[PDB]
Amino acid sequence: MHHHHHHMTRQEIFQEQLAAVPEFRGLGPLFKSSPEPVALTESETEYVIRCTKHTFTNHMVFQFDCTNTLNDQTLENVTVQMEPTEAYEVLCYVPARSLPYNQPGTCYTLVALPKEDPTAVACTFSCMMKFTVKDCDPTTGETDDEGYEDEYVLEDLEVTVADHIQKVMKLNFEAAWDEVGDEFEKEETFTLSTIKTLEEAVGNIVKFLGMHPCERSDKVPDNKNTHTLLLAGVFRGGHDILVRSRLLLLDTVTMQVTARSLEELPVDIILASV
């Protein structure tokens, strides 16, 4: 046999970084990280704040990679305070100790996932940078050690169902469907009373759920007013979540959505979210 060398993935690298923060020691394995960050300030403003969402089994860590672009200040003890609309609970802030001009640094916010009503995955967080400002001379580097506390309002951060699911390919959706079986199979019919094409309905569902459309089911053929969308993912904690939507277009769209998993909670989440 030929022996390959292991190359670390993006997820393995984040896992290593996060396992090195003492506050995150008991979170269990990293489940997923958002494939691209979100900017929480407008372009060409004082700060660049790039947020990556890291999902664990029962928690989420929000990583903020932060740049102070102003040459007449250094920021210290920087966090991004987060206030949720729903029952996510902030547990810990890990600050960036120092943000000198044009030297990026990372802070984190740790939150628990909703316990009492675990289907409540949608949440909006009001975000505010909190920090100490120390004036410094742009040319001399000289810093005034008498700092003061300040804050800076950021854009809201949205968390959705797509943050709790990792997309996964299934080449044979029906085999996967059968393998999971029907112990927690649930179906709900939804009326999409504003939507007048199958293409819009399918595109919207695929984007919202953040699951993988199997067997080219994200492509609607011409001459058809019926269609079946087949979606696959893995829910946090490692169990597959599979969704079938049977859509019918008559003036507008109606659909029968069925979900299967070995775990009841993701099925409930899909149906509540859609």
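A residue's number is simply how far along the shown sequence it sits, counting from 1.
The PDB entry records a higher mean C-alpha B factor for 26-34 than for its counterpart among 26-34 and 57-65.
Between the stretches 126-134 and 146-154, it is 146-154 that shows the larger average CA temperature factor.
For the set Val78, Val202, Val180, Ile165, the PDB entry assigns the largest Cα B-factor to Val180. For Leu110, the recorded CA temperature factor ranks within the lowest third of the chain's modelled residues.
Split the chain's modelled residues into thirds by C-alpha temperature factor. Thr189 is in the lowest one.
Split the chain's modelled residues into thirds by C-alpha temperature factor. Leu18 is in the middle one.
The deposited CA B-factor of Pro104 belongs to the middle third of values across its chain. Annotation for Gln256: CA B-factor lies in the lowest third of the chain's modelled residues.
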